[PDB]
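Only one chain comes next, encoded as structure tokens, the form deposited without adenosine-5'-triphosphate (ATP).
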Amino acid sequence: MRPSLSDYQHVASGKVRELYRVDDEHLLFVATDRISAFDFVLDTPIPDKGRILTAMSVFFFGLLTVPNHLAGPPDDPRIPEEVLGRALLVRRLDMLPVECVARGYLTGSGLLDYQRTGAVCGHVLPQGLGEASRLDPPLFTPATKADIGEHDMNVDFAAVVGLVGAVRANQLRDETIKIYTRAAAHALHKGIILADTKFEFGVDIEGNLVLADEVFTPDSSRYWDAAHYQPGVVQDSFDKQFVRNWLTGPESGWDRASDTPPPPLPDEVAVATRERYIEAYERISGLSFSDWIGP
């Protein structure tokens, strides 16, 4: 009753997720409890973070109408007991080499590019925008993965055409904006702003576009509390602000500008952070995390 994880072949690790081969046409997509802050994977895990983000991704896959890479239910017998609730059975796709990012608000590298050049990913914007400015319409701001440990590189629409084809590039742009708009409106209705989001897509055997990776997690998207949205200043991270504040506060003993690895988190900060994840999940999904499956 359920295989061991050791029965599958590890094929890729990210900082936070792992991928295993199940057979020629299926993979096991595993979320860990690791958390990243200031581009460091922290020493301290967040309990149940992997299960909560898996629950979130499954919810949004269900909410969206577009084809996705899920290949079975969250309790599929192919999933080992050890990763139950934080692993998904998915179909193998030919992945497209584009980070498909939508921005509803101007922050991070999008804001920085604008402040440097007046444009973001080929979009020449109005003068006078700033931190957390609302963008209307939302922008397609594609990026490509760089070297290990390097940030993704922002690129323009012509670069996407060169990567995947002219018609496919149009399709990626249209789908990215459409599904971001739907999910952002849903979340905002529940009091959470999805400020931006990153998608990865693949193509199936028939040439069909399929949404893959994870969707609208607080790792793939900037979550903000709508009740405190204030254009012109930096918005708190809904999920990670307790972690960021402790690390840069007087108790950590850590100098962020040293680029030395940060120290472990207090247990109470890790537990509070877990609670923020559960809060975001339950408010967005209308479901109870106590009903989500586990070992």
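Numbers follow the displayed sequence, beginning with 1.
Same protein, other form: the form solved in complex with adenosine-5'-triphosphate (ATP), not shown, and the subject of what follows.
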| query | finding |
| --- | --- |
| In the entry with it bound, the residue from 200, 156, 225, 76 that sits within 4.5 Å of adenosine-5'-triphosphate (ATP) by heavy atoms | 200 |
| Position in contact with adenosine-5'-triphosphate (ATP) when the complex is considered in the entry with it bound, options 123, 178, 91, 186, heavy atoms within 4.5 Å | 91 |
| Stretch from 156 to 164, 208 to 216, 104 to 112, 124 to 132 whose residues place a heavy atom within 4.5 Å of adenosine-5'-triphosphate (ATP) in the entry with it bound | 208 to 216 |
| 4.5 angstroms heavy atom contact with adenosine-5'-triphosphate (ATP) in the entry with it bound for residue 51 | no |
| Residue 278 within 4.5 Å of adenosine-5'-triphosphate (ATP) in the entry with it bound, heavy atoms | no |
| Proximity of residue 283 to adenosine-5'-triphosphate (ATP) in the entry with it bound, heavy atoms at 4.5 Å | no |
| Contact flag, residue 95 vs adenosine-5'-triphosphate (ATP) in the entry with it bound, heavy atom cut 4.5 Å | yes |
| Interface residues of 26 to 57 toward adenosine-5'-triphosphate (ATP), as seen in the entry with it bound [heavy atoms, 4.5 Å] | 27, 29 |
